[PDB]
Each structure stands twice: as C-alpha cells, then as structure tokens.
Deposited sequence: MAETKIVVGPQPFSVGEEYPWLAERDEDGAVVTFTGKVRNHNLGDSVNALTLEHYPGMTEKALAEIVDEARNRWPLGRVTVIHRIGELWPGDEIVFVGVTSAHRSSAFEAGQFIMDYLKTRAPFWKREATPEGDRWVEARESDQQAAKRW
C-alpha cells in the first residue's frame, strides 16, 4: 500500500493527515503518534538525502514484520518552539495489534536510526540534546 514520507520545516496538521490514512475501508485500525516539543528555540539539524532514505527503510522493515496498509511519517526540521509538533507517524492495518506495534516500532527506530540532531537555546548559549540508552533498548527489543 502507499507510503507518505515528508521531511521539511512546514507545520503539519493531524486533521489534514488523518483522512488520507483512514480512506481505505479494508484497514479497520488506524494508529497515530504525535511527538511535540515540551521561549527557547530548538533547531533540528538533519542529513539531507539520508534522512528521507532512512525513514523509507524503517517503514520498509515495518512492512516486512506486519501487514500494513497506508503509512505516513512526517518529521520537521529547522527552528521549532515549545509546543510545536515535531513528528507524526500514522499506520493502518486490518487489526489493532499490528497498527499499535508497527507505530511504536517506527518511532523506536526513527529515534535511533534517522539522522536528526536537536540543539536547544537556553539563556547562556546553545546546548545539544543528549541521546538516551533507553531508546537503544526500545529499538533492539523488536
């Protein structure tokens, strides 16, 4: 089935993205995940080309493990603010367990394999966000 991958600075709207995902009657289950930034600007650096390739490869692997219908993955770049939605993953399947599992798998892999880096603003200078070993554990369990 079709896959939509978008990497860009522009905001997205779940209300705009959901209808396409939910279009097919054969997909009884639709799961979405939205990740947001929780005054100090965050910037999201990325590796042009590899980022899109990586995201496509993650969805490819998810399709090998689960029988998925439509999938959408959107990740923003450039400067973002507290409260901004940064990432969207939508997955459909005939049944709910595949949609929930694949949705979480895609995020776990995105967090460990997609070339993105966050830098925060803070009063006295910029600070690169630290990665977490817990995300390595979340990814390797699958």
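**Q** May I ask you to mark the stretches of the deposited sequence that the structure leaves without C-alpha coordinates?
**A** No C-alpha coordinates exist for 1, 40-46.
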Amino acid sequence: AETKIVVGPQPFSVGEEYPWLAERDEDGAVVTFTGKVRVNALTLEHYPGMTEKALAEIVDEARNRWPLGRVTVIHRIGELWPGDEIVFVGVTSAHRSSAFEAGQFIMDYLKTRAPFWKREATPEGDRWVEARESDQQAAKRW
From here on, numbers count along this sequence of modelled residues.
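Definition used throughout: the rigid core is the maximal C-alpha set that superposes within 1.5 Å between two forms.
**Q** Fitting on the core, do the C-alphas of 39-47 or of 23-31 deviate more in 4 other deposited structures of this protein?
**A** Larger mean C-alpha displacement, comparing 39-47 and 23-31 in 4 other deposited structures of this protein, is found in 39-47.
**Q** Line up the rigid core: which moves more in 4 other deposited structures of this protein, 57-65 or 77-85, by C-alpha RMS?
**A** Of 57-65 and 77-85, the stretch deviating more in 4 other deposited structures of this protein is 77-85.
**Q** Once you work out the mean C-alpha B-factor for both 9-17 and 128-136 from the entry, which is higher?
**A** That would be 128-136.
**Q** With respect to the recorded C-alpha B factors, which stretch has the higher mean value, 95-103 or 112-120?
**A** Averaged over C-alpha atoms, the B-factors run higher in 112-120.
**Q** Of the choices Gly35, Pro82, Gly90, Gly69, which one's C-alpha carries the largest B-factor in the record?
**A** Result of the comparison over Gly35, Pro82, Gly90, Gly69: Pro82.
**Q** Going by the deposited entry, which of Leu42, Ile77, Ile74, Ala54 has the highest CA temperature factor?
**A** Result of the comparison over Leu42, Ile77, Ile74, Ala54: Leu42.
**Q** Within this chain, which third does the Cα B-factor at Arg63 fall in: lowest, middle or highest?
**A** Its C-alpha B-factor belongs to the middle third of this chain's values.
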